[PDB]
Number of protein chains: 2
Amino acid sequence: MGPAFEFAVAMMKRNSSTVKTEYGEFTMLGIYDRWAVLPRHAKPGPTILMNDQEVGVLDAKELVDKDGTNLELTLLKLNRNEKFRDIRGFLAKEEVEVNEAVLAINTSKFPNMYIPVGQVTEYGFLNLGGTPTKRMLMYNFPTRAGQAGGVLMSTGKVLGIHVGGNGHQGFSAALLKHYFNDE
Amino acid sequence: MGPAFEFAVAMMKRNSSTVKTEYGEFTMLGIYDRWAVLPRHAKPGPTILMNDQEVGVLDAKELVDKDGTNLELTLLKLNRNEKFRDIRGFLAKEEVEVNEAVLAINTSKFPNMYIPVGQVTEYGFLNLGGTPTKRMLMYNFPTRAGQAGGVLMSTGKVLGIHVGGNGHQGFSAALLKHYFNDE
RNA sequence: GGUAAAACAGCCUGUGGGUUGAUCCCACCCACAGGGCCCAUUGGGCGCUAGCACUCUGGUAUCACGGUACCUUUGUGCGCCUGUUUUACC
């Protein structure tokens, strides 16, 4: 099928997992080594359920910009031998707009779901649930709950992580390369 | 988890797929190159639905032994550019008994299912549905339908393909290395 | 012109030489001469902000020592980008 789906299936097979925390079930994306990404509201504790099996969290960083502003991403280091495929090369320096994107989701509510979203525009400031948030990306698609964590993709590019919606629009936290230079 | 579970998950991720034919939904195992294996009761036609994608069948063989006896396996050559991981090294030259096995199934009825089976005994002749059949492997897990095609595994070894059950006992067709010297 | 197909180029510079759409900036080609970089080297390979898949040369972790995960190199199929052809179709 489309080159984006070929890209998207591979990304989900090699780098994604289903995660349960105290606050729900999420798609989770492994960046490299043992570092992965959840939406901030997942609030992962000392251990998580990764594909129905308990895994310890060695470290959890909640991203904010230079000013202290929410970015709606939590990076967590997983206590497991396996390393993720290194997809930092698929992350861009700064926010990415595309004319057509796929949002991929893998949870028990939404198993193997590859949603074509269309135009992704760089949105910037958003008031998520009372919290000033920055580096939002926006796309025009009727979103539901339980989609947070979904990986927004384009052929050869990982744009961000779905972090919320409003009924006709969905919003992803941009996933920037320098977030993972080290941590 | 088990060394066997690590093995089975790897096998399903890299080598299995869900297949629909005119005769139901099946777990399917890729052997190498583009050769795969199904139960004969799948009876694949000129195309199959492989992970919801139409795939053409270049060639299909229903296995018989030198004596002409049913083996309950269909080998099919898939018209795909991508090639399967070569797992012929995990196949034995003759039927294998193990004292501990996992049967792995991936259909919409049975998503991401890894059934611990226990002893696998070499059963030999079976009268499947009125057809003299040979090289049956027998294991005792009161089984249900839609499990045909499940992969019977132990760490480092692929024993066979689930082809039927009886309420108490389950049966796999043994998957021997010389079946694939050239296919 | 489109519109399909095919088919063949792509390391980077200059040195020519033409041609070129045209007489001007080009674009191509035709060649030469340098500089390279990679590999597993009598050799190979080097368009990839577009990737996917297997395979191969080595590593590193881990393991119930059967495997598993990742990195790295070799190749091959599919895809993609530029051209240059050729053929239809309108």
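*Asks:* Would you mind going over the protein's contact with RNA strand C with me for this structure?
*Replies:* In the region of RNA strand C, 30 residues are neighbours, and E6, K83 and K157 of chain A together with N81 and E82 of chain B sit closest. For RNA strand C, the fraction of protein-proximal atoms (within 4 Å) that sit in sugar or phosphate groups is 74%. In the model, a base nitrogen of RNA strand C is placed 3.2 Å from a nitrogen or oxygen of the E6 of chain B side chain. For RNA strand C, a sugar or linking oxygen lies 2.9 Å from a polar atom in the backbone of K83 of chain B.

*Asks:* Please explain helix 1 (residues 3-15) of chain A as it appears in this structure.
*Replies:* Given 3.6 residues per helical turn, the α-helix brings residues three or four places apart onto the same face. With 13 residues, helix 1 of chain A ought to run about 18 Å at 1.5 Å a step, and its terminal C-alpha atoms sit 18 Å apart, in line with that. Tucked inside the fold, the buried residues of helix 1 of chain A contact strand 1 (16-21), strand 2 (24-32), strand 7 (102-105), strand 8 (113-116), strand 11 (151-154) and strand 12 (157-165) of chain A.

*Asks:* Can you walk me through the relation of the copies chain B and chain A in this structure?
*Replies:* The operation linking the two copies of the chain is a rotation about an axis combined with a translation along the axis. Least-squares fitting of chain B to chain A yields an RMSD of 0.3 Å, with the transformation described by 0.2 Å of translation along the axis and a rotation of 180 degrees. Put plainly, the chains are arranged around a two-fold axis. Residues of chain B ranked by C-alpha distance from the rotation axis are headed by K13 of chain B, positioned 3.6 Å from it. A share of 83% of interface residues in chain B that are also interface residues in chain A marks the association as one of identical surfaces.

*Asks:* It is not clear to me how the interface of chain B and chain A should be interpreted in this structure. Could you clarify?
*Replies:* Quoted interface sizes are often the accessible area lost when the parts come together. Of the residues lining the interface, six residues belong to chain B; the matching set on chain A comes to six residues. With both chains or domains summed, chain B and chain A bury close to 460 Å², and 34% of this area falls on carbon and sulfur atoms. Summed over the shared surface of chain B and chain A, the result is zero salt bridges. Summed over the shared surface of chain B and chain A, the result is one residue pair in polar contact. The element best represented in the side of chain B that touches chain A is helix 1 (residues 3-15) of chain B, accounting for three residues. Counted by class, the side of chain B that touches chain A contains two nonpolar, one polar and three charged residues.

*Asks:* Explanation requested: the environment of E54 of chain B in the structure shown.
*Replies:* Residues and elements named next belong to chain B. For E54, the position within the fold is in strand 5 (residues 53-64). Look at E54 and you get exposed, because its relative accessible area is 62%. Measuring from C-alpha to C-alpha, the distance between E54 and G24 comes to 15 Å, with 30 residues separating the pair along the chain. Residues in contact with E54, not counting those within four places in the same chain, are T47, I48 and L49.

*Asks:* Teacher, can you tell me more about a positive patch on the surface here?
*Replies:* A cluster of like positive charges, contributed by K13, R14 and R85 of chain A together with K13, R14 and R85 of chain B, occupies part of the molecular surface. Elements supplying a minimum of two residues to the positive patch: helix 1 of chain A together with helix 1 of chain B. With respect to the helices and strands, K13 of chain A occurs in helix 1. With a relative accessible area of 40%, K13 of chain A lands in the partly exposed category.

Calculation notes
Residues numbered from 1 in each chain as written, not as in the entry; some residues may be left out. Chains lettered and ligands numbered in written order. Heavy atoms only, no water. Near = heavy atom within 4 Å. Polar contact = N/O pair within 3.5 Å; in protein donor to acceptor, adjacent residues only side chain to side chain. Helix = DSSP H or I, 4+ residues; strand = E, 2+ residues; numbered from the N terminus. Expected span 1.5 Å × (residues − 1). Contact = heavy atoms within 4.5 Å. Least-squares fit on C-alpha atoms. Buried area = accessible area lost by both parts, 1.4 Å probe. Salt bridge = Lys/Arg side-chain N within 4 Å of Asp/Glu carboxyl O. Nonpolar A, V, L, I, M, F, W, Y, C, P; charged D, E, K, R; others polar. Buried < 20%, exposed > 50% of the residue type's maximum accessible area, 1.4 Å probe, protein only. Patch = residues over 30% accessible without salt bridge, like charges linked within 9 Å, V, L, I, M, F, W, Y side chains within 5 Å. Areas by Shrake-Rupley, 256 points an atom, 1.4 Å probe, with all protein chains shown as cover. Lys, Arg positive; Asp, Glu negative; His and termini not counted. Charge placed at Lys NZ, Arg CZ, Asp CG, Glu CD.

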